[PDB]
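> The structure's right below; bear with me while I get my questions together.
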Amino acid sequence: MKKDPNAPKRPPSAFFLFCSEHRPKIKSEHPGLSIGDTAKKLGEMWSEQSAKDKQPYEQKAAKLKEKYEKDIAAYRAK
């Protein structure tokens, strides 16, 4: 709503990565499956993922959320 094309992307969350990559897969075996049922299943696998699909996902959103607090400010009206 109050974001621009030059502004930085919102702060991604670890569960948002894992789900963001497994979102188009749950819609293939479930046509019409909204983002609630697949979000309930994914969260079950996300909390079950080991370092293969969980370590590089939290270190990409955790280090991007804290940097957004200074990025958004500097881009707000420095």
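Ordered as shown in the structure tokens, chains take letters A, B, and onward, while each chain numbers its residues from 1 and ligands are numbered from 1 in the order shown.
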When you look at region 3-14 of chain A with a cut-off of 6 Å (counting only C-alpha atoms), what residues show up, excluding the ones that are within fewer than 6 positions of it in the same chain? I need them as JSON, numbers by chain.
{"A": [57, 58, 61, 65]}
> Write the residues you've just listed into a file as a PDB file, in the first residue's frame, and include C-alpha atoms for each of them.

```pdb
ATOM      1  CA  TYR A  57      16.398 -20.124   4.824  1.00  0.00           C
ATOM      2  CA  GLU A  58      16.568 -18.495   8.291  1.00  0.00           C
ATOM      3  CA  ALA A  61      15.525 -13.731   6.064  1.00  0.00           C
ATOM      4  CA  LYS A  65      14.812  -8.309   8.347  1.00  0.00           C
TER       5      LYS A  65
END
```
> Can you tell me which residues surround region 50-53 of chain A at a distance of at most 12 Å, considering only C-alpha atoms, apart from same-chain residues fewer than 4 positions away, and format the answer as a PyMOL selection string?
chain A and resi 14-15+17-19+21-22+42+45-46+57-60
> Go ahead and write the residues just picked, N, CA, C and O atoms, as a PDB file, in the first residue's frame.

```
ATOM      1  N   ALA A  14      11.635 -16.922   7.750  1.00  0.00           N
ATOM      2  CA  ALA A  14      12.119 -18.301   7.398  1.00  0.00           C
ATOM      3  C   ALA A  14      10.960 -19.155   6.881  1.00  0.00           C
ATOM      4  O   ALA A  14      11.052 -19.770   5.835  1.00  0.00           O
ATOM      5  N   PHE A  15       9.863 -19.183   7.599  1.00  0.00           N
ATOM      6  CA  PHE A  15       8.688 -19.981   7.137  1.00  0.00           C
ATOM      7  C   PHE A  15       8.199 -19.442   5.789  1.00  0.00           C
ATOM      8  O   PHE A  15       7.610 -20.161   5.001  1.00  0.00           O
ATOM      9  N   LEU A  17      10.128 -18.362   3.325  1.00  0.00           N
ATOM     10  CA  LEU A  17      10.993 -18.938   2.252  1.00  0.00           C
ATOM     11  C   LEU A  17      10.477 -20.349   1.967  1.00  0.00           C
ATOM     12  O   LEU A  17       9.852 -20.586   0.953  1.00  0.00           O
ATOM     13  N   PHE A  18      10.739 -21.275   2.868  1.00  0.00           N
ATOM     14  CA  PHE A  18      10.265 -22.703   2.708  1.00  0.00           C
ATOM     15  C   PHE A  18       8.878 -22.751   2.025  1.00  0.00           C
ATOM     16  O   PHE A  18       8.697 -23.425   1.029  1.00  0.00           O
ATOM     17  N   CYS A  19       7.903 -22.046   2.551  1.00  0.00           N
ATOM     18  CA  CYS A  19       6.550 -22.065   1.916  1.00  0.00           C
ATOM     19  C   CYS A  19       6.603 -21.414   0.529  1.00  0.00           C
ATOM     20  O   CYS A  19       5.984 -21.886  -0.407  1.00  0.00           O
ATOM     21  N   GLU A  21       8.750 -21.555  -1.654  1.00  0.00           N
ATOM     22  CA  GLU A  21       9.277 -22.509  -2.677  1.00  0.00           C
ATOM     23  C   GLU A  21       8.383 -23.754  -2.781  1.00  0.00           C
ATOM     24  O   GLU A  21       8.336 -24.393  -3.817  1.00  0.00           O
ATOM     25  N   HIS A  22       7.671 -24.102  -1.733  1.00  0.00           N
ATOM     26  CA  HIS A  22       6.782 -25.306  -1.799  1.00  0.00           C
ATOM     27  C   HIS A  22       5.319 -24.887  -2.008  1.00  0.00           C
ATOM     28  O   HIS A  22       4.409 -25.655  -1.759  1.00  0.00           O
ATOM     29  N   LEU A  42       2.720 -27.519   5.118  1.00  0.00           N
ATOM     30  CA  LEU A  42       4.132 -27.016   5.024  1.00  0.00           C
ATOM     31  C   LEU A  42       4.707 -26.732   6.417  1.00  0.00           C
ATOM     32  O   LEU A  42       5.795 -27.159   6.742  1.00  0.00           O
ATOM     33  N   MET A  45       6.064 -29.675   7.867  1.00  0.00           N
ATOM     34  CA  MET A  45       7.351 -30.130   7.266  1.00  0.00           C
ATOM     35  C   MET A  45       8.451 -29.116   7.595  1.00  0.00           C
ATOM     36  O   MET A  45       9.584 -29.476   7.853  1.00  0.00           O
ATOM     37  N   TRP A  46       8.117 -27.844   7.612  1.00  0.00           N
ATOM     38  CA  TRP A  46       9.131 -26.789   7.949  1.00  0.00           C
ATOM     39  C   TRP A  46       9.735 -27.092   9.326  1.00  0.00           C
ATOM     40  O   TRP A  46      10.940 -27.160   9.485  1.00  0.00           O
ATOM     41  N   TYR A  57      17.650 -20.925   4.991  1.00  0.00           N
ATOM     42  CA  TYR A  57      16.398 -20.124   4.824  1.00  0.00           C
ATOM     43  C   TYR A  57      16.255 -19.106   5.960  1.00  0.00           C
ATOM     44  O   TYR A  57      15.766 -18.010   5.756  1.00  0.00           O
ATOM     45  N   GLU A  58      16.679 -19.454   7.151  1.00  0.00           N
ATOM     46  CA  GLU A  58      16.568 -18.495   8.291  1.00  0.00           C
ATOM     47  C   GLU A  58      17.744 -17.510   8.263  1.00  0.00           C
ATOM     48  O   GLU A  58      17.636 -16.393   8.731  1.00  0.00           O
ATOM     49  N   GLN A  59      18.859 -17.910   7.697  1.00  0.00           N
ATOM     50  CA  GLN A  59      20.033 -16.989   7.613  1.00  0.00           C
ATOM     51  C   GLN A  59      19.888 -16.042   6.411  1.00  0.00           C
ATOM     52  O   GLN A  59      20.710 -15.170   6.201  1.00  0.00           O
ATOM     53  N   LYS A  60      18.840 -16.196   5.634  1.00  0.00           N
ATOM     54  CA  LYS A  60      18.626 -15.300   4.461  1.00  0.00           C
ATOM     55  C   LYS A  60      17.512 -14.300   4.785  1.00  0.00           C
ATOM     56  O   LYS A  60      17.456 -13.220   4.226  1.00  0.00           O
TER      57      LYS A  60
END
```
> Find the residue from A:20, A:55, A:68, A:75 that sits nearest to residue 38 (chain A); use only C-alpha atoms when measuring.
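Answer, going by the shortest atom-to-atom distance: A:20.
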> Residues of region 24-76 of chain A classed as helix (DSSP H, G or I) by DSSP on the backbone are to be reported as a count of residues only.
35
